[PDB]
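Chains as they are written, first to last, in PDB author numbering: chain B, 3 to 62, 65 to 80, 85 to 355; chain A, 3 to 80, 88 to 355.
A virtual CB, placed ideally from N, CA and C, is assigned to each residue, including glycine.
In what follows, a structure is listed as structure tokens, so that the remarks can point back to it.
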Ligand SMILES: [Cl-]
Ligand SMILES: [Cl-]
Ligand SMILES: [Cl-]
Ligand SMILES: [Cl-]
Ligand SMILES: [Cl-]
Ligand SMILES: [Cl-]
């Protein structure tokens, strides 16, 4: 396989992508450029919103989905004009997750000219950064059944075989009005003090070797208006991160048995992910010296019910950061590693 | 003394004052009128801002001085005086024009008699908002005050104790970071034990007149987005002392228990007290008056010397729609004030 030519082409397509603003929900022009780029490779695409896909020829055999996102986080030097400096390509969305988008497509295109035991689907999803309803969630029900998926996010090409989920809970304590200088009222602030300590100290029974215990964090609180008015109402927000041993639904039910104050989940759908260690892909990865781990960062894996693994070029620490960059050498390395894992893989 | 004549003159001045709008900080015209009135009575006045005072004749520093005080400002309407059912309506009639007019008549009469003490009459402004241009601006400039009488609606019963006010802002400081990672320092978790402490602690000294120091945590705020560990959390504490502590005494104890940066908006609105064995108090009790403790702030809070709060009307009427004062209340006040002060061996 011609790695240097795939790398040189992946890098030019990424410069184009960095130059096109593609913040969550305002990704139309980037999606245009992507679709029109693939079309020029003799491939017939599919589209829904700013989500673009491409099925392999002669399908339906197990199917492997190759996926990453084209939306970016808002900025914050340089704007989004690409710049190269002694091996580094600077740009918003270069590390998270552009580098993965350009590598997987080059790999998809090369593998479409080889004889494999599986069908292959490429997907450039949108609204990943805000967990948006018109992202990946809107496309899965139309595509053919997915047997296995690779999600491209920066993991220094290490296989993330477990990923924490996300659930946000709004809790409200209702007290009673009064004069603070008198013997009147029910203080809504006092009512939530034990609740907050419980959120910080409670440990769910099942603990994961890869993600440790379920994590819960009280990160926003509000109550009261002026100093001589009894606070009637108090609201707080809990950010909850399941391990792969629990659903968001299992956690909410447990929590409602210990907390008396009204509590509501904003959603239950962004669950944790898991893939069995004997899975053929995990097994070939390990035989190639890769070290499987568990990721604390949410991705498009959370909207996938089928088995998946998170593995892509770049590093976590550069994401959502000033002067974000990807190394030309990391893209070269990613393409070659992706090719070795997939070529001759039997599910 | 001619009590009926004094009463008609006091009631006549009260009408003229009600008609002049004097919302806190905007009492210039009401103070102009009042200054002129006092000058026309043949008394030389003193003035600073909208505070008007005058001193008894032959004032000497070898005798003790009693200060008579009330305020000319009023709260915003909830001003044309009407009379109906032996009762005078208008903004500032109960709180506190009725004391203003009564104390002035009492002052002008005692100034023509021989007493063991000197007198100062003071009409202060900005009381309702405890403003800096009010009584706080005047006191350091006057001669020494042995004790003062503050005229507020107490039904001519003496308030010998008054609560103070202190507001505290406490801030916990942490460190930001990602909530799903092993990062940051949560500023909200830092304040949990503190808030329980403010609600459960009881100061050692309780008053029979005001009960114990009261503290309440009434406002809390922290955080912005769910995935970011909060690095700041601020809350507010409303604290009302009894007469057995200054606000600084309360702050020093609080700081021994709370590590988080805590800052008072001010210490200056302290509790007040006058000893039960003070001669004025003993005279009142002898006349069948019943001393009590008031939970309501007044200009007493800015006086470091001993004081008693006693005036015509009832506090239930203050700050209310259709404010009034019974004419019989001005008449009674004048006579009670004169039985108390006339011949008092200070
Ligand atoms: Cl997501
Ligand atoms: Cl109040
Ligand atoms: Cl952060
Ligand atoms: Cl998040
Ligand atoms: Cl201060
Ligand atoms: Cl005393």
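- CA-CA distance, residue 180 (chain B) to residue 230 (chain B), rounds to 10 Å.
- The beta-carbon separation of residue 299 (chain A) and residue 114 (chain A), rounded to 25 Å, does not stay under the 8 Å limit for a contact.
- Judged by DSSP secondary structure, residue 8 (chain B) falls within the alpha helix (DSSP H) whose first and last residues are 5-21.
- Ranked by how close their Cα comes to the Cα of residue 146 (chain B), the residues B:155, B:159, B:112, B:131 have B:131 in first place.
- In this structure, ligand 2 has no non-hydrogen atom nearer than 8 Å to the beta-carbon of residue 190 (chain A).
- Close to residue 204 (chain B), with beta-carbon spacing below 8 Å, are these residues of chain A in chain order: 197, 198, 201.
- When the five nearest sequence neighbours on each side are left out, the beta carbons in the same chain lying within less than 8 Å of the beta carbon of residue 54 (chain A) are those of 33, 36, 37, 40, 47, 48, 74, 131, 132, in order along the chain.
- Taking C-alpha positions only, residue 314 (chain A) is separated from residue 137 (chain A) by approximately 21 Å.
- Here residue 339 (chain A) is near residue 111 (chain A), since their CB atoms are less than 9 Å apart.
- For ligand 6, a non-hydrogen atom lies closer than 8 Å to the CB of residue 156 (chain A).
- The closest heavy atom of ligand 4 lies less than 8 Å from the beta carbon of residue 236 (chain A).
- Around the beta-carbon of residue 127 (chain A), 16 or more other beta-carbon atoms lie within 10 Å, marking it buried.
- Distances between the C-beta of residue 136 (chain B) and the heavy atoms of ligand 1 include at least one below 8 Å.
- Assignment of residue 88 (chain A) by DSSP, reduced to helix, strand and coil, places it in the coil class.
- The C-alpha of residue 285 (chain A) lies about 47 Å from the C-alpha of residue 197 (chain A).
- In this structure, the straight-line span from the alpha carbon of residue 293 (chain A) to that of residue 98 (chain A) is close to 29 Å.
- Collapsing the DSSP output to three states places residue 287 (chain B) in coil.
- Secondary structure in the region 277-351 of chain B: the alpha helix (DSSP H) runs of 4 residues or longer, each lying completely within the stretch, are 288-295, 336-350 in chain order.
- At a cut-off of 9 Å between beta carbons, residue 233 (chain B) contacts chain A.
- For residue 120 (chain B), the nearest beta carbon of chain A is not closer than 9 Å to its own beta carbon.
- What residue 208 (chain B) touches in chain A, judged by beta-carbon distance under 7 Å, is 198, going in chain order.
- Scanning chain A for C-beta atoms nearer than 7 Å to the C-beta of residue 184 (chain B) yields nothing, as the closest lies near 13 Å away.
- Beta-bridge analysis with DSSP links residue 68 (chain B) to B:128, B:156.
- Under the criterion of beta carbons closer than 8 Å, residue 107 (chain A) and residue 334 (chain A) qualify as touching, at roughly 4 Å.
- Membership of residue 182 (chain A) in the beta strand (DSSP E) is indicated by the continuous run 175-182.
- Contact of residue 325 (chain A) with chain B by beta-carbon distance below 7 Å is absent, the smallest such distance being about 14 Å.
- The three-state secondary structure of residue 76 (chain B), taken from DSSP, is strand.
- Against residue 67 (chain A), chain B offers no close residue; the least beta-carbon distance is about 33 Å (beta-carbon pairs closer than 7 Å).
- When secondary structure is reduced to three states using DSSP, residue 218 (chain A) falls in the coil class, being assigned neither helix nor strand.
- For residue 56 (chain B), the closest of B:289, B:279, B:43 by C-alpha to C-alpha distance is B:43.
- A residue is called buried when at least 16 other Cβ atoms come within 10 angstroms of its Cβ; residue 8 (chain B) meets this threshold and is buried.
- With respect to chain B, the C-beta atom of residue 73 (chain A) has no partner C-beta closer than 9 Å.
- Three or more beta-carbon pairs separated by less than 8 Å are not found between the region 156-164 of chain A and the region 180-192 of chain A, which leaves the two stretches without contact.
- Rounded to the nearest angstrom, the gap between the Cα atoms of residue 272 (chain B) and residue 291 (chain B) is 41 Å.
- Residue environment for residue 235 (chain B): buried (at least 16 other C-beta atoms within 10 angstroms of its C-beta).
- Counting C-beta atoms within 10 angstroms of its own C-beta, residue 14 (chain A) has fewer than 16 neighbours from the protein chains shown and is therefore classed as exposed.
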